[PDB]
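One chain follows as structure tokens, the form deposited in one PDB entry.
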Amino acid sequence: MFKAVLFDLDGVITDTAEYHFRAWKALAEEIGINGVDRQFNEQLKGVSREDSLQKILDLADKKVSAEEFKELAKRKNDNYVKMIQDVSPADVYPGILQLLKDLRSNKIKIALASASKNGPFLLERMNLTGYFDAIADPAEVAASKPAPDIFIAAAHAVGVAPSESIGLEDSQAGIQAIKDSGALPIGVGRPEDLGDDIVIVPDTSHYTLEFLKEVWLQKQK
């Protein structure tokens, strides 16, 4: 049986992938870059703050000083943080709270593997901090998803090897990071977007301890 579950936050626990998209959209248009639409946002999901800006910059081949780069990243975050002030326990996606309770009840470790530095604020505002045995600190992990670093760190932070872990993700980059880490990905979204080679659920209500066990087992074979 798997010994840990590594949670993405934005788009898995709550509807904050939407707000990241809005805020990034707003930053691009401000600096004159027009192609950050929903289809392009699929490449930004799971991607770290600085790396997300660089994708946006590359879209227009725009080049900026190191100082302006830092300033744009701060401006997007100041905006995003203003967007997420209403988040509360009411915004926790379906299945998630029960899943955390069941994981804690069955002594399965729970770790956050969110690239977001706003992760801890959101878990507290959603009154979920108590469920998390560990949070991987994006300030500590060298490389943004699709690099596995964050999922490796989360597994280790709860004393578990990635091969004994499930990762829950809504993004292409995060799913690749799970695979490359050795953990077992279970995606939430459209198969069109996240790939029909892995187990994809239409929404988080499908994420249940028993569903995770079925997946796991079927994997073992």
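Numbers for residues come from their place in the sequence shown, where the first is 1.
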When mean C-alpha B-factors in the record are compared for 84-92 and 116-124, the larger belongs to 84-92
Between 168-176 and 23-31, which has the higher average C-alpha B-factor in the PDB entry?
-> 23-31
Select one of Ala136, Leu97, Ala147, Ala73: the residue whose C-alpha shows the highest B-factor in the crystal structure entry.
-> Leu97
Scanning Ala60, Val64, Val47, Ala161 for peak Cα temperature factor in the entry gives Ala60
Chain-relative CA temperature factor third for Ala4 | lowest
CA B-factor ranking of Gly182, expressed as a third of its chain | middle
So where's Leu209 on the chain's Cα temperature factor ranking, which third?
-> highest
Taking the chain's C-alpha temperature factors as the reference, tell me which third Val12 falls into: lowest, middle or highest.
-> lowest
Assert third(CA B-factor, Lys101) within chain per record equals middle
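Note that the form deposited in another entry isn't included here; everything after this is about it.
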At the hinge between the two rigid parts, which of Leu99, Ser165, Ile110, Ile84 do we find when the chain moves between this form and the one not shown?
-> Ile84
